[PDB]
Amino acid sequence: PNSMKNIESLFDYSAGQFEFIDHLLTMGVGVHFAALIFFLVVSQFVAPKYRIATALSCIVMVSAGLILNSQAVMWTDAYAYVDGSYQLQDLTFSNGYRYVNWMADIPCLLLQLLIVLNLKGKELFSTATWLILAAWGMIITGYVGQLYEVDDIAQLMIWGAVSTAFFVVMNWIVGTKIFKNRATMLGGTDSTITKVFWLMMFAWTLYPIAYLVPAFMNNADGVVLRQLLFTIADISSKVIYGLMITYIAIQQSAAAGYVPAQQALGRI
């Protein structure tokens, strides 16, 4: 369906190129699932005010891990090694699934941030609402644009412009809330959380770069590079970010007197 519309369909891949992609996707699932166990064992040390943030991390890990596992399988299904190269056998591969996943992943990532920020009640709800709508606006317009990567580069770029507008607006909101709510962080995670904003800024920005590969590197190597950028971005935005949110959650929990949090931080 969407497979003819992505640049992966245009090329034949060397055994090294095809195998590198498969290995990236495979490693990615391994990292996400390993992280998943860790987020899972560690959540018993998070006080309940914050425990939902850690659960969100586990949710993202599986959600992202499943999409990667599936991409890896869709990749091996799509091509066969014939006459010295991997050649397209059928229309089973597309990047469209990543976008669909982001529809779920991003709200989860944002919500875990708001929780450690100590937002609650009406503010949490309203902030969450504006953020996810902005995010959905970004993702959907982006999804529409990627559909035109094979045949209409101007069109991919215009949808890209619209997508970026939502992105910038989303960043302004998360940035503003982090900066206005820092003084309330305990432990003192007021310092850590600003690092979390910079990481997001860096990691999230890699997705747009990946989106533009058809525009500047329209060849088989470009395909490899985009999967690589997705990989760096995925580990940075989901896993590394997740480890920080959890750290902040544990630290805030101990500072507020939750004992399992204190014993845990202490036993290390």
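One rule holds for the numbers: they count along the sequence shown, beginning at 1.
Participant: Averaged over C-alpha atoms, is the B-factor higher for 229 to 237 or for 210 to 218 in this PDB entry?
Facilitator: Going by the record's values, the stretch with the higher mean is 210 to 218.
Participant: Return whichever of 169 to 177 and 153 to 161 has the greater mean Cα B factor according to the PDB record.
Facilitator: Of 153 to 161 and 169 to 177, the stretch with the higher C-alpha B-factor average is 153 to 161.
Participant: Have a look at 82, 186, 138, 114 and flag the one whose Cα has the highest B-factor in the entry.
Facilitator: Of 82, 186, 138, 114, 186 has the highest C-alpha B-factor.
Participant: Residue 104: which third of its chain by C-alpha temperature factor?
Facilitator: As the PDB entry reports it, the C-alpha B-factor of residue 104 lands in the highest third of its chain.
Participant: According to the PDB entry, is the CA B factor of residue 200 in the bottom, middle or top third of its chain, that is, lowest, middle or highest?
Facilitator: Answer is highest: the recorded C-alpha B-factor places it there.
Participant: Where does the C-alpha B-factor of residue 93 rank in its chain, lowest, middle or highest third?
Facilitator: Answer is highest: the recorded C-alpha B-factor places it there.
Participant: Select lowest, middle or highest to describe the third in which the CA B-factor of residue 52 falls within its chain in this entry.
Facilitator: Highest third - that is where residue 52 ends up once the chain's C-alpha B-factors are sorted.
Participant: So where's residue 121 on the chain's Cα temperature factor ranking, which third?
Facilitator: Residue 121: CA B-factor falls in the highest third of its chain.
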